[PDB]
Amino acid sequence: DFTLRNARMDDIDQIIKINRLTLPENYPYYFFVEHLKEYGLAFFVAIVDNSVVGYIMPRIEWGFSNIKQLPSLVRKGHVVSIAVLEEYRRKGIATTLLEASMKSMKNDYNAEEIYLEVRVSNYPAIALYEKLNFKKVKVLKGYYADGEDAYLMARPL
């Protein structure tokens, strides 16, 4: 079984190794630290036997909505990064990480929408997001360094 709690500074090293094992977008140590410092309340880790086995890293923004059609300014939650170690997948961890972060984005940061980018090839991630009622808003052509497209996926809070 797993539990969830807010990320702390001491977790960063484990988070980074998870990032590097599971994702190609490998952010530097200081990048993790700044997100923890500025958006900590919405930054969670999943824990098994006092080891970190997954995390979600958020960013809180203010700007044009990508749900509304003509220009409207809103507070937005952005999922910068989420990952769960291979051995611990299909247990609801990502789902609960997203729920916790969304609730914080709404209650702590007054966000009224959450969005993210996902590789169009990333079948498991897209499945998860759609189950949580994210909608594909647009395709960000060539969004990744290799040229791969991303879906921008979003939902209101």
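Start at 1 and count along the sequence shown; that's the residue number. We call the rigid core whatever largest set of C-alpha positions still superposes within 1.5 Å between the two forms.
Root mean square Cα distance to the shown form, taken over structures and residues in 4 other deposited structures of this protein after a core fit, is higher for 62 to 70 when 22 to 30 and 62 to 70 are compared. For the pair 98 to 106 and 119 to 127, the record assigns the higher mean C-alpha temperature factor to 119 to 127. For the two regions 29 to 37 and 45 to 53, the entry's Cα B-factors average higher over 45 to 53.
Among all modelled residues in its chain, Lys91 ranks in the middle third by Cα B-factor.
Ranked within its chain, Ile16 lands in the middle third, by CA B factor from the PDB record.
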